[PDB]
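One chain is shown next in structure tokens, namely the form deposited in one PDB entry.
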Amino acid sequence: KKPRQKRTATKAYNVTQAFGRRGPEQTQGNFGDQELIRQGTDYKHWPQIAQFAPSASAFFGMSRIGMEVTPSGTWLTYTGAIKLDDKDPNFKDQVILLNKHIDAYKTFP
């Protein structure tokens, strides 16, 4: 039922079904290995990924936001960067986990 931005992926409604196939196009998402894509927020290390996701206030606070109002459709666009905390004892594990999921689709069979 829900607008795309408010969906929560799970094993019953997975990342592909919720957000489309992972791929190279500007309008496709590129994040997730095979296990994350199948499990969504059921994934065993989801809480470690979700720690980087913005609050509603931070999404509107930190990002560069645009509006593309066209004859074909309107899109709110967003871009930004979130600094990892070097001095967090889990930093090395975070780097590893993010490395596993970013562009992982490139290697799928």
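One rule holds for the numbers: they count along the sequence shown, beginning at 1. Shifts are known only where both forms have a C-alpha. We call the rigid core whatever largest set of C-alpha positions still superposes within 1.5 Å between the two forms.
The form deposited with a small molecule bound exists for this protein as well; it is not shown, and the discussion that follows is about that form.
Scanning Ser55, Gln34, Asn30, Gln48 against the small molecule in the bound PDB entry with a 4.5 Å heavy atom cut-off leaves one residue, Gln34. Shown alone here, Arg21 lies within 4.5 Å of the small molecule in the bound PDB entry, counting heavy atoms only. Contact annotation for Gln94: none of its heavy atoms lies within 4.5 Å of the small molecule in the bound PDB entry. By the criterion of a heavy atom within 4.5 Å, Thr10 is excluded from the residues contacting the small molecule in the bound PDB entry. After superposition on the rigid core, the single residue among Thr70, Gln26, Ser57, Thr79 whose C-alpha moves by 2 Å or more between the shown form and the other one is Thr70. Core-superposed comparison between the shown form and the other one: residues with C-alpha shifts of 2 Å or more form a single run of three or more, at 69-72.
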